[PDB]
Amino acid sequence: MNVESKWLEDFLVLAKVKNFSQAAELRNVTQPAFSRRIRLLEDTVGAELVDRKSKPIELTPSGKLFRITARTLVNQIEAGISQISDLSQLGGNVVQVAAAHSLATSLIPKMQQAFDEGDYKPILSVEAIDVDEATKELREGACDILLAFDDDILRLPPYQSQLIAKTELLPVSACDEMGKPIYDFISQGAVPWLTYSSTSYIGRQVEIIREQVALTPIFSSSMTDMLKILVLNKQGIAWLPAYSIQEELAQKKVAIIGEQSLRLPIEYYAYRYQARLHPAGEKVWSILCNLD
């Protein structure tokens, strides 16, 4: 059998207005066309859904029960289409990537420039990682690949992992026009500190050397680019990933201000759960595994 979706809207409008002419005007169709479409729906369902002898027009019991059916059907259509709107606009080659913000901004330009033309060319859809739900999001298929720091769960089965890179958090401070750091670690007093939350991977790395440094937290944020901006504004010092300050480190805007003992090793991976992605997803995974 078959059911036409516009008939559901027709029946809902008719049940609400209780008038064939008004419901036809609301549905942008002529009155006989609306009547005939209502009768087509009634034949398709197999019962009279509208009492013909009632003025104003009322619904039969079967129509009362089919109101709920039509409402749930329209709502399900609208939801299953809204959830596919963004994926359909990007095409069948869309690859959903959740990522840490800095990892995204650092790696995705190279991945995008590494794409070859063709019918299976990957179209990236990148979203900020949900630090609390990224694992379940990877398990349920809401994203294909996850660019994230070292994680004892994501790196092990049932998930697949590829070590993308291993860099270091550098304690850095702004500089004057002579290239000399504004804040040091040679003083009896502490230094204005732009910290992460300990609830984050980078914060867990920073808290290892927390005892041997004099710090005074004046700003907290897990957004490492926020801390980088506040470092550039001479507000304080911060442990920043090496891949995110290369421009400012080459120039004399920022300087490392610690012993080699304060450089904190970090490493970031690409994680996946599905043993088999669509061809675009597998090409993205291969490009990640081969990012030089």
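Heads up: residue numbers just count along the shown sequence, starting at 1.
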{"property": "Higher-B stretch (mean Cα B-factor, as the entry records it), 261 to 269 or 30 to 38", "result": "30 to 38"}
{"property": "Of 73 to 81 and 121 to 129, the one with larger mean CA B-factor", "result": "73 to 81"}
{"property": "Member of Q251, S62, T224, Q235 with the greatest C-alpha B factor (per the PDB record)", "result": "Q251"}
{"property": "Selection by C-alpha B-factor (highest) of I153, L138, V94, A190", "result": "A190"}
{"property": "Third of chain Cα B-factors occupied by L230", "result": "lowest"}
{"property": "Third of chain Cα B-factors occupied by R276", "result": "middle"}
{"property": "Ranked C-alpha temperature factor of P241 among modelled chain residues, by third", "result": "lowest"}
{"property": "CA B-factor placement of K180, once the chain's modelled residues are sorted into thirds", "result": "highest"}
{"property": "Where the record places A104 (Cα B-factor, split into thirds across the chain)", "result": "lowest"}
